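Residue numbers (my numbering), protein chains in the order written: chain A, 1 to 170; chain B, 1001 to 1170; chain C, 2001 to 2170; chain D, 3001 to 3170. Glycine included, C-beta positions come from ideal geometry on N, C-alpha and C.
There are 4 protein chains.
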Amino acid sequence: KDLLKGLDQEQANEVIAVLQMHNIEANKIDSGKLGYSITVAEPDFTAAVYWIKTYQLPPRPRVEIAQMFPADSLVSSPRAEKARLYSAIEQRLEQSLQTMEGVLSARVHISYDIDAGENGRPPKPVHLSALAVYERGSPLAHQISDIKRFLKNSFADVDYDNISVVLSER
Amino acid sequence: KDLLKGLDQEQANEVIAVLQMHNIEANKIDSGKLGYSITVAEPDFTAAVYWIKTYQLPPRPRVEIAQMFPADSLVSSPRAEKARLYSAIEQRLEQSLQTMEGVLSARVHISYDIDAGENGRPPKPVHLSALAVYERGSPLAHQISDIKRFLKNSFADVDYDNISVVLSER
Amino acid sequence: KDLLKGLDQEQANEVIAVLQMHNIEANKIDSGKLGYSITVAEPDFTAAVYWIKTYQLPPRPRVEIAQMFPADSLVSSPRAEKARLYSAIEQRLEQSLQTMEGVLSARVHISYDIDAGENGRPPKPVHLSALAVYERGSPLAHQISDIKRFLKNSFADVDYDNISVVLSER
Amino acid sequence: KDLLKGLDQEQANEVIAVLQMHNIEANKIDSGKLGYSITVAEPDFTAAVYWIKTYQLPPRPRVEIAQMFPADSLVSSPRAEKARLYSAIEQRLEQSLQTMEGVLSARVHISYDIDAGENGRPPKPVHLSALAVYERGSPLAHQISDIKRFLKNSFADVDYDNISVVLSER
């Protein structure tokens, strides 16, 4: 029975290795495009789907900031520009943190808004959320303070108390 | 008797495995497009439909934010843009939470509105609703506080008291 | 005698199973389009119609929000846009609640209006109505409070006292 | 003698079954279009018409909100739009109530008007009328309070005292 087709080499390799490690007989075939298909024996189909689902496979597609065409036709000013500037910063932070030995994945979600409550009343919202996944063989718990400091000084008007850093082993 | 045609491999596999686990004789065929059809013996048809319905199969299509063409022809400002920004955030949160080992599905619904009650009266509504489904073999109850903190710091002007995190085993 | 033609596989299967369970001799044929026709012996016609009617078969078509073309030709602002935003939320809630084990169908009707009574008098109407149908073999009565909390935090300015959750066994 | 031609299968089946149950010799023929004709012996014609009339057969066509073309050529604002919004709600309520086991038909007529009596005098009219027909074999009298609550919370600014729920056995 077919599981999934048109998988990248990495997605197919991670799913194949996960299934093989759980005693599931899985086979892989490459199509003409270099995309991969995974298949299992019918008796292992239910188990295979359970294991894949439990490990977030296949990875979901989420909204892409670039696919903004449905929302607006042109950008001459501020809200959309600020979203892209924020996205660029989140990616810059993820790129930097990813160089730390032991990090295998990282997500950064930043909040920076300049609001006008009313005449003579300006608020500033700041905060950052950081999730880093570490290799099974590396404890990054001691590096939490260093990661917080790196995030703090990469972004405008952030304090330590408004940064959440969560580290989870794969 | 035919159950459903034009199923994805995942939807067909989950329905086939559910029926087989409940002693229902189900068979599957692939069409030309790689879409799947499920069929059962006529004596098991009523049972099969009962089991499928009880487990939310087949999954319903709900309104897609992108299918906004029926509602408006062009977007130059705020309500539609804010809905897309909110949707992007909900998806970013779902993507992040989905990496936690044990999570097999997640839904996030965010509320963030800036309202003007009258002259010199601005209200701000905040809150988030989070539903996460965990694998049968993983207790994520101890991770509720961590999930709440991740959601809190991903989104503008959210407090813990205004976040609902519900975890349900598949 | 013919009952109905051009039925979906699910509608035809549910009606066939209901009639067979009530000792009604019903037969089914598939047309060229994959649509189904149900027929009964003439001596069982009256009974068959009584049973189908008593169980809401065939399901009625109700107004589709997308079929708004008869009402207005273009939408540049608020009433129609807000109806679509509300419909999207109702569908998002139904999608979320449908994942709860035991739920076989769900309907959500939301009320959220911002009205101006007169100069310096703004009212806000809030409330939600939720109907969930559960499988015969699952008691969801203990989950009423959880369902109310999920609905509360998905929608702007809702309190628990203004949410009705009704659960009915199929 | 011919009774009626161009009947739907359901209308023809209900009329045929009603006549047969009252010892009237009725026959049915299907035309090329799949429409049905009912005929009776001349000696039973008067009785047959009396029975059909007494049971509201054939069902009358009433004004369709969509057939508004005779009344106005275009809709850019409020009265016609509000009528369609109200009709959509009535249909949504009927769809929801129809899922209750025992319901075989339902009609909802809603009243929601926002009127300006004069300068600094706004009235709001609210109320709902609900008629539900139940199967002969189901008592829905105990469900009146539940039906009222479902109707109350589906619609803006409704109180229980302004909802009429009438249940009649077929």
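Using a Cβ-Cβ cutoff of less than 6 Å, which residues in the same chain neighbour residue i once the five nearest sequence positions on both sides are dropped?
i              : result
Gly102/A       : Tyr134, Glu135, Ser138, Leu140
residue 2961/D : The structure shown does not extend to residue 2961/D, since chain D is modelled only from 3001 to 3170, so the question has no answer here.
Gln2091/C      : none
residue 2970/D : The question about residue 2970/D has no answer, for chain D in this structure spans 3001 to 3170.
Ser1129/B      : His1109, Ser1164
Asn3027/D      : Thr3039
Report, in whole angstroms, the separation of the C-beta atoms of residue i and residue j, which I expect to be a contact under 8 Å.
i         : j         : result
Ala1017/B : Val15/A   : About 17 Å; that fails the 8 Å criterion.
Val40/A   : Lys1/A    : 6 Å
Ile147/A  : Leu97/A   : 6 Å
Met2068/C : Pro1061/B : About 19 Å separates the two Cβ atoms, so there is no contact after all.
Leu104/A  : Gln1009/B : Contact doesn't hold; Cβ gap of about 28 Å is too wide.
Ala3083/D : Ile3065/D : 6 Å
Could you compute how far the alpha carbon of residue i sits from the alpha carbon of residue j?
i         : j         : result
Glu3118/D : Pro2078/C : 25 Å
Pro1125/B : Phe45/A   : 46 Å
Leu2151/C : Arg3149/D : 17 Å
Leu2034/C : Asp2072/C : 36 Å
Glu1042/B : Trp2051/C : 20 Å
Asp3159/D : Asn3153/D : 9 Å
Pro2058/C : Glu1025/B : 27 Å
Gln11/A   : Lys1053/B : 32 Å
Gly1120/B : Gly3120/D : 22 Å
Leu2019/C : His3142/D : 27 Å
Assign residue i to buried or exposed, taking buried as 16 or more other Cβ atoms, counted over all protein chains shown, within 10 Å of its Cβ.
i         : result
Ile114/A  : exposed
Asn3013/D : buried
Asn1023/B : exposed
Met3100/D : buried
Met1021/B : exposed
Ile29/A   : exposed
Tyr36/A   : buried
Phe3155/D : buried
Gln56/A   : buried
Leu7/A    : buried
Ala88/A   : exposed
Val2063/C : buried
What is the DSSP secondary structure of residue i, counted as helix, strand or coil?
i         : result
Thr1054/B : helix
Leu1128/B : strand
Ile65/A   : coil
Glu3135/D : coil
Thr2039/C : strand
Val3075/D : coil
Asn3153/D : coil
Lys5/A    : strand
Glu3101/D : coil
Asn1119/B : coil
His1109/B : strand
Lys2082/C : helix
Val158/A  : coil
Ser168/A  : strand
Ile3114/D : coil
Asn23/A   : coil
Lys2033/C : coil
Looking only at its own chain, which residues have a Cβ that is under 7 Å from the Cβ of residue i, when we skip the five neighbours before and after it?
i         : result
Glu81/A   : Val75
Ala116/A  : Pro122
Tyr1086/B : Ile1110, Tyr1112
Apart from the five residues on each side of it in sequence, which residues of its chain come closer than 8 Å, Cβ to Cβ, to residue i?
i         : result
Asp157/A  : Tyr112, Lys124, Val126
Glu2169/C : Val2133, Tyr2134, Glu2135, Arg2136
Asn1162/B : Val1126, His1127, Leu1128
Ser31/A   : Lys5, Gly6, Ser37
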